[PDB]
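# Survey of secondary and tertiary structure
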Amino acid sequence: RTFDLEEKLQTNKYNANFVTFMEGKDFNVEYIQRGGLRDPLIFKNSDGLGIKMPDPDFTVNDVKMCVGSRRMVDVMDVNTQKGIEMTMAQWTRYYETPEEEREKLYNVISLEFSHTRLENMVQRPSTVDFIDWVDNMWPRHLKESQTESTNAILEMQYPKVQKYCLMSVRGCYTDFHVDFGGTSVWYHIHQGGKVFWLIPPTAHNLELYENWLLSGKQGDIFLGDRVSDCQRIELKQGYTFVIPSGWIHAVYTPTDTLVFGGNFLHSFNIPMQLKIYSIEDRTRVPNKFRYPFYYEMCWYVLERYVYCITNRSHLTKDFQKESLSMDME
Amino acid sequence: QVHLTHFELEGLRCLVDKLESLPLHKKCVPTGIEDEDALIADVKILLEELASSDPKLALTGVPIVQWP
Amino acid sequence: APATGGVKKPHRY
Ligand SMILES: O=C(O)CCC(=O)C(=O)O
Ligand code: NI
């Protein structure tokens, strides 16, 4: 890394106001139908969101115990933005290490904990449940068949991207990126805090981003300096943040923090979702860092819309029977 | 007769054009789908019929796609 | 080494 991160946190140049501050009760389906979820949102308190979180004092060791000591976890080497692997037990030992004794800065942002004990301790915003393509479009019997709690692709019966735990030590940085498949995102700051840089997905910015990615020169170029309008904003303990499709962001961790969040696709910004997919195609992103079964899901979306509206099914007979049996429950 | 948002109408048109235009080895038609071509056709017809959706009547507060 | 999917990470430098 060739730019000074400490200057990026102090300057006032990132002064756009993209984020809308909202009350939980106002974040409903009608709000989504009206605005199409185009604006980033911050809920300074959880009231009215329908979220559920663990005990405020829940630790990384409690996470370990819920998901398994031997579970392999994807870790990010902050200095290089490369990825490595270690068991959750090793991750925990690192995280419990005093700050001065940590040799490297490491970050975990990709621990998907669905189908573990922890899954039920965290509930998403109700509104996301109403619109998430996974919950509303993927054949339910496949989703319910999932047994595996890691993200092993051969075991994966549906796009396993709904519930993540993020564990970040003081000084962690995640460089500019758009979330996979053009997913939208919700993040709840359980303990600690985060600083985000936000860049809107205008055609010009998305062209810059794609160019910046093909350049290979992302350690050297701070992308918020190459755009017209960027917002730096801090999230405090207890806040919830929603990031729309395609928004380009980077994240800094000022204090040891624990976040629960997830990804979702939905039906009100499909064009942007498709744009980001094909940016991934062009920049040659390994399949592992992508939304699993993207187009498969897209097919199922078409079928759901036709069916709910016209009552003509284009699912196989077996799939129709599987579905009817779920409706009988 | 029913009213989608423009967000949705524009979306599903992009979707259908995208999926139709993919070569067979990139199409990723999943296991549960019977006849993709027939599905494409029905989406096209449907989009014709809903072009005339009233924007303020589409603001129902409940999504079109819900499990029964 | 089982192949995974749905890993959240930006491009490496
Ligand atoms: O919290 C972080 O450091 C990175 C958050 C993020 O953008 C992600 O997980 O995709
Ligand atoms: Ni992100």
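Method of determination, as given in the entry header: X-ray crystallography; reported resolution: 2.34 Å.

The next subject is the overall build of chain B. When its secondary structure is counted, chain B shows three helices and zero strands. For chain B, the succession of helices and strands along the chain, N to C, is α-α-α. Taken over C-alpha atoms, the radius of gyration comes to 14 Å for chain B, far larger than the 11 Å a tight globule of 68 residues would show. Seen through its C-alpha atoms, chain B measures out along the principal axes to roughly 40 × 25 × 15 Å. Summing over all exposed atoms, chain B offers an accessible surface of approximately 3,900 Å²; the carbon and sulfur share of this is 55%. With 6 positive and 12 negative side-chain charges, chain B shows a separation of 8 Å between the mean positions of the two kinds.

Close to ligand 1 lie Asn107, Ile109, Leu166, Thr174, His177, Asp179, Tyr187, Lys194, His249 and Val251 of chain A together with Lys8 of chain C, which account for all nearby residues. Site remark: ligand 1 is flanked by residues from chains A and C. In this structure, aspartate 179 of chain A approaches ligand 1 through a side-chain N or O atom, which is 3.4 Å from an oxygen atom. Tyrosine 187 of chain A has a polar side-chain atom sitting 2.8 Å from an oxygen atom of ligand 1. Protein contacts shield 99% of the accessible area of ligand 1, which totals 300 Å² for the unbound molecule. Spatially, ligand 1 is embedded in the largest pocket.

Residues and elements named next belong to chain A. Coordination of the nickel ion (ligand 2) by the protein comes from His177 (NE2), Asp179 (OD) and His249 (NE2), over a distance range of 2.2 to 2.5 Å. Going along the chain, you hit the donors of the nickel ion (ligand 2) in the pattern H-x1-D-x69-H. One end of the pair, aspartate 179, is in the loop between β7 (172–177) and β8 (184–199); the other, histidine 249, is in strand β11 (residues 248–264), and 70 residues separate them in sequence. Among the residues examined, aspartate 179 registers a relative accessible area of 6% and is labelled buried. For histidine 249, a relative accessible area of 1% gives the class buried.

At 3.6 residues per turn, the α-helix brings residues three or four places apart onto the same side. Between the first and last C-alpha of helix α10 (residues 294–310) of chain A there are 25 Å, a value that for 17 residues agrees with the 24 Å anticipated at 1.5 Å per step. For α10 of chain A, the buried fraction is high: 13 of the 17 residues fall into the buried class.

Taken residue by residue, the interface counts 35 residues in chain A and 11 residues in chain C. A buried area of about 2,000 Å², summed over both sides, lies between chain A and chain C, and 60% of it is on carbon and sulfur atoms. The largest share of the area that chain A buries against chain C comes from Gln81, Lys288 and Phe289 of chain A, three residues that together contribute 25% of it. The interface formed by chain A and chain C contains zero salt bridges. Elements with a minimum of two residues in the side of chain A that touches chain C: β3 (72–77), β4 (82–87), β5 (106–112), β6 (164–168) and β7 of chain A. In terms of residues, the side of chain A that touches chain C owes the most to one element, β7 of chain A, which gives five residues.

What follows covers the nonpolar core. It is characteristic of soluble globular proteins that their nonpolar side chains tend to be buried jointly. If you look at the biggest cluster of nonpolar residues, it comprises 65 residues, and the most contacted ones within it are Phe27, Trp91, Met167, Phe176 and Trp197 of chain A. With six residues, β11 of chain A is the largest single contributor of residues to this core. Leave out the neighbours within four places in its chain, and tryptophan 91 of chain A touches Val60, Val75, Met86, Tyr106, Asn107, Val108 and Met167 of chain A. Core analysis: the next-biggest nonpolar cluster, separate from the first, contains 61 residues, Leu166, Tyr239 and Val301 of chain A together with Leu46 of chain B among them.

Residues and elements named next belong to chain A. Here the structure, examined in full by the defined rule, presents 23 aromatic pairs over all chains. Put simply, the rings of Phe3, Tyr14, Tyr173, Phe176, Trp197 and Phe222 pair up and form one aromatic cluster. Positioned above the aromatic ring of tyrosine 277 is the side chain of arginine 290, whose terminal nitrogen or guanidinium carbon lies 4.0 Å from the ring centre.

Let us now look at unusual backbone geometry. Residue and element names in this part refer to chain A. Here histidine 115, not a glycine, exhibits a phi torsion of approximately 65 degrees, which is positive. On the basis of relative accessible area, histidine 115 is assigned to the partly exposed category, the value being 25%. Of note, the phi angle at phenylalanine 293 is positive, near 65 degrees, even though the residue is not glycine. Residue placement: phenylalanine 293 occurs in the loop between α9 (270–283) and α10. You can call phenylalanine 293 partly exposed: its relative accessible area is 22%.

The rules behind these values
Residues numbered from 1 in each chain as written, not as in the entry; some residues may be left out. Chains lettered and ligands numbered in written order. Heavy atoms only, no water. Helix = DSSP H or I, 4+ residues; strand = E, 2+ residues; numbered from the N terminus. Rg over C-alpha atoms; globule rule 2.2 N^0.38 Å. Areas by Shrake-Rupley, 256 points an atom, 1.4 Å probe, with all protein chains shown as cover. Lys, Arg positive; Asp, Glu negative; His and termini not counted. Charge placed at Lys NZ, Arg CZ, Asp CG, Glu CD. Near = heavy atom within 4 Å. Polar contact = N/O pair within 3.5 Å; in protein donor to acceptor, adjacent residues only side chain to side chain. 1 Å grid on protein atoms, 1.4 Å probe; cavity = no way out; pocket = protein on both sides within 12 Å on 5 of 7 lines; lining within 4 Å. Sits in = over half its atoms within 2 Å of the grid points. Donors = N, O, S within 2.8 Å, 3.2 Å for Na, K, Ca; no water. Buried < 20%, exposed > 50% of the residue type's maximum accessible area, 1.4 Å probe, protein only. Expected span 1.5 Å × (residues − 1). Contact = heavy atoms within 4.5 Å. Buried area = accessible area lost by both parts, 1.4 Å probe. Salt bridge = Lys/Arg side-chain N within 4 Å of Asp/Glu carboxyl O. Core = buried A, V, L, I, M, F, W, Y, C linked by side-chain atoms within 4.5 Å. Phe/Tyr/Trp six-rings, centres within 6.5 Å; stacked < 30°, edge-to-face > 60°. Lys NZ or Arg CZ within 6 Å of the ring centre and 35° of its normal.

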